[PDB]
Amino acid sequence: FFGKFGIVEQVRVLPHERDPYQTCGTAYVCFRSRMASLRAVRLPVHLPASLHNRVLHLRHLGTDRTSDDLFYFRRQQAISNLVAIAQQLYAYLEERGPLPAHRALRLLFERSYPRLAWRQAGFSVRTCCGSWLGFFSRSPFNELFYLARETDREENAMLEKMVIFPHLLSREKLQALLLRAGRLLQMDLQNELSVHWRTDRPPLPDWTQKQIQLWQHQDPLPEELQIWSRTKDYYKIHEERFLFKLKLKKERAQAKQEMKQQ
Amino acid sequence: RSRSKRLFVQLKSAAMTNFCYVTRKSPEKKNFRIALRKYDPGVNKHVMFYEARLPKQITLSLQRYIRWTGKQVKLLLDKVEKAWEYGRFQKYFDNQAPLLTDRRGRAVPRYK
């Protein structure tokens, strides 16, 4: 995991007081570079179910910087706020008709995390889309709204001369669109936590990939050794039909591999 | 143990039905070709039959040794291959060996 940020000099995991084969829950990661360590400390580490769904908390020993353990839930709140903002803007357009951008945007509010205090809607937009233009141009919000001409300075000037028009939808279509927007934002949230560990790294030989696999899975034992487990009580060991079936399966697999090659 | 020197002769049908009769002939007539006109049930009448040229043992002990150690498995794998190429194990209308093995890996039912 931590190779994504630079060269890792060492990783150590403290054993449990009562079971040296298990961990107490603490580890130390020593990096080659200060910048790499500082980049690594920024986000917490979310683990899958097989690792008990734990969220690992990181603490830099040279600067006291800590990971942002509330990132996931704050982003979930931001996504809910964005969906609410879209619904509010659509309702405002349905009531007052087409509206200018700089006046419509000031009618939209979000609820802060975690206690849900009303706020001017400017943070969810920049945490989920980066800007109001991104919000409008990214799907499925461009299926709800249509921007029309009559840096931050460019953004403000560009919005100061627009009118937001609605796409006339039914209740069911709008509800489906809102659910779709929520799902897509959720996927965006998961991507940044599950970035791939081979990003910007050289390819690995087949032997190296097998060594990587062996840390998690063991290859099946050879079938020639396995055949001896057929008990004499019910089986005839080394039976002709059984061995011919094995040969036919091997031939079929080789033929399929040849087809794949060609 | 019989001590007769008579030669065994197999008369195959000339109708290509694979039907045969069997008899014996004197050793003096080794190079004499026997031919007869006899009934052939494959075609339902009398056709010609002609004598043919007719150009180790796998015992119980050898079978047991192979199946317990599998050091000369090819001998029986060849018989399995011949059966497979001929048309055994075709899944249908076959009471004897419809399948190579059951789902659990046994070669059943025992038909021999």
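Tally the residues that are at the interface with chain A (Cβ under 10 Å from one of its Cβ atoms) and aromatic (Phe, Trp, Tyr), restricting the search to region B:82-112.
2
Can we say residue A:150 is within 15 Å of residue A:99 (Cβ to Cβ) and among the acidic types (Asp, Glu)?
yes
For region B:20-40, state whether one or more residues are of a type outside the set (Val, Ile, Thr), part of a loop (DSSP other than H, G, I, E, B) and surrounded by 13 or more Cβ atoms within 10 Å (Cβ to Cβ).
no
Which helices (runs of 4 or more DSSP H) does region A:1-116 wholly contain that include 2 or more residues that are more than 27 Å from residue A:199 (Cα to Cα)?
Output list reads A:71-96, A:101-104.
Does residue A:246 meet the test of being within 14 Å of another protein chain (Cβ to nearest Cβ), under 30 Å from residue B:71 (Cα atoms), touching a helix residue (DSSP H, G or I) at 6+ places or on another chain (Cβ under 9 Å) and not β-branched (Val, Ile, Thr)?
So residue A:246 fits the description; yes.
Hey, can you tell me all the residues within region A:223-233 that are at the interface with another protein chain (Cβ under 10 Å from one of its Cβ atoms) and either touching a strand residue (DSSP E or B) at 6+ places or on another chain (Cβ under 9 Å) or surrounded by 10 or more Cβ atoms within 10 Å (Cβ to Cβ) (or both)? First the steps, then the outcome.
Within region A:223-233, the first condition is being at the interface with another protein chain (Cβ under 10 Å from one of its Cβ atoms), and the residues that meet it are A:224, A:227-228, A:230, A:232.
Of everything in region A:223-233, those that are at the interface with another protein chain (Cβ under 10 Å from one of its Cβ atoms) and either touching a strand residue (DSSP E or B) at 6+ places or on another chain (Cβ under 9 Å) or surrounded by 10 or more Cβ atoms within 10 Å (Cβ to Cβ) (or both) turn out to be A:227, A:228, A:230.
May I ask you to list the residues in region A:164-176 that are in a loop (DSSP other than H, G, I, E, B) and surrounded by 12 or more Cβ atoms within 10 Å (Cβ to Cβ)?
Those that are in a loop (DSSP other than H, G, I, E, B) and surrounded by 12 or more Cβ atoms within 10 Å (Cβ to Cβ): A:167, A:169.
Would you mind telling me which numbered condition in (1) within 11 Å of another protein chain (Cβ to nearest Cβ); (2) of a type in the set (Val, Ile, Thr); (3) over 27 Å from residue A:249 (Cα atoms) residue B:43 fails?
Just one mismatch for residue B:43, condition (1).
Which of the residues that make up region B:57-81 are within 11 Å of another protein chain (Cβ to nearest Cβ), surrounded by fewer than 16 Cβ atoms within 10 Å (Cβ to Cβ) and not β-branched (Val, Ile, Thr)?
Result: B:63, B:64, B:65, B:68, B:71, B:72, B:74, B:75, B:78, B:79, B:81.
Of the conditions (1) under 23 Å from residue B:68 (Cα atoms); (2) more than 8 Å from chain B (Cβ to nearest Cβ); (3) assigned to a loop (DSSP other than H, G, I, E, B), residue A:220 clears all except one; give me its number.
With (1) under 23 Å from residue B:68 (Cα atoms); (2) more than 8 Å from chain B (Cβ to nearest Cβ); (3) assigned to a loop (DSSP other than H, G, I, E, B) applied to residue A:220, the lone miss is (1).
For a quick check of your reading of the model, give me the residue pairs whose first member lies in region A:148-176 and is under 24 Å from residue A:83 (Cα atoms), whose second is aliphatic (A, V, I, L, M) and assigned to a loop (DSSP other than H, G, I, E, B), with beta-carbon atoms closer than 8 Å and at least 6 apart or on different chains.
Between residues of region A:148-176 that are under 24 Å from residue A:83 (Cα atoms) and residues that are aliphatic (A, V, I, L, M) and assigned to a loop (DSSP other than H, G, I, E, B), the close pairs are A:166/A:144; A:167/A:144; A:169/A:144; A:174/A:144.
For region A:177-212, which residues satisfy the criterion of being surrounded by 12 or more Cβ atoms within 10 Å (Cβ to Cβ) and in a loop (DSSP other than H, G, I, E, B)?
Across region A:177-212, the qualifying residue is only A:204.
Any read-out appearing in this document is the output of simple, stated calculations on the displayed coordinates, not a laboratory observation. Note that we place each Cβ from the backbone using ideal geometry, even for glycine, and neighbour counts take in every protein chain shown.
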